[PDB]
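Input: a single structure, listed below in structure tokens.
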DNA sequence: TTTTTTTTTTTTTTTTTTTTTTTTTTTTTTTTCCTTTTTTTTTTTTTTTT
């Protein structure tokens, strides 16, 4: 019962990770998005107890459409509580592969010293983290979550020039928001929210990531 | 004679409990009662004595 449930939750977490990577604009093929449970069992195995697949076997390397040298690692550590040793191992892998972006799918949580390592390591390499329970649901597919589109600096500048706005006068969204963590939004970006309206059909609002 | 391995000691968070503090619809009209009080010190008065 452990092997089948573990394979099912690993397949669901991998599907959510690949949908998250496709929503961020990274190069993801259609068969990876439409990968079934039986396809996952054929490709990676179905017995997670005897390392089929291993937790280090499910590492996901993905690249961006516009800039092919901007890539993401997705790590799947097997330890439930993550120390500084595995974080340092992943960081050394990031220097020796020259990649600035990675997401660590932790199981239980992280030590606060490792969180401080993520904080002060941040403006050279971005090292995000995600719980396993948070990645069992694609948040953007919920009926209460409208469409979120990340904007470039040109669209933000055009918005502030058109509406005569300053950046502090806009609405705000926290950096710890599940949608902002899903899209990987850093501080200063502006997210465009397109929602359905019952009086005008649809409505576009703008929020500043703080 | 140096390296690993155990022990120690901080270090930062966590979690629960306790404490604190602030709040409690809008307007209007009539009476009643109180707006000192006993204690201590000071000053004047009255009676008594030589």
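In the deposited numbering, the protein residues as written are 1 to 210. From the three backbone atoms N, C-alpha and C, an ideal C-beta is built for every residue, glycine too.
Item                                                                                                                : Value
When 124, 111, 83 are compared against residue 102, the one with the closest alpha-carbon                           : 124
Three-pair Cβ contact test at 8 Å for the stretch 180-193 versus the stretch 201-209                                : yes
Exposed unless 16 or more other CB atoms sit within 10 angstroms - verdict on residue 21                            : buried
Opening and closing residue of the beta strand (DSSP E) in which residue 195 lies                                   : 190-197
Stretch-stretch touch, CB-based, cutoff 8 Å, three pairs: the stretch 130-142 with the stretch 96-113               : yes
Within 7 Å, strictly: CB atoms of residue 114 and residue 137                                                       : no
Cutoff 6 Å; reference residue 47; Cβ partners in own chain excluding five residues on either side                   : 3
Bounding residues of the beta strand (DSSP E) (the contiguous stretch that carries residue 61)                      : 60-63
Cβ pair count under 8 Å reaching 3, the stretch 51-64 against the stretch 10-30                                     : yes
Residues that DSSP places opposite residue 52 in a beta bridge                                                      : 47
Distance between residue 87 and residue 5 (C-alpha atoms, nearest Å)                                                : 27 Å
Sequence-distant residues of the same chain with beta carbon closer than 8 Å to residue 159, five excluded per side : 151, 165, 190, 206
Straight-line gap, residue 53 to residue 89 (C-alpha atoms, nearest Å)                                              : 21 Å
Spatially closest choice to residue 171 from 204, 143, 98, by CA coordinates                                        : 204
Residue 175 to residue 149 span [Cα, whole Å]                                                                       : 15 Å
First through last residue of the alpha helix (DSSP H) which encompasses residue 17                                 : 2-23
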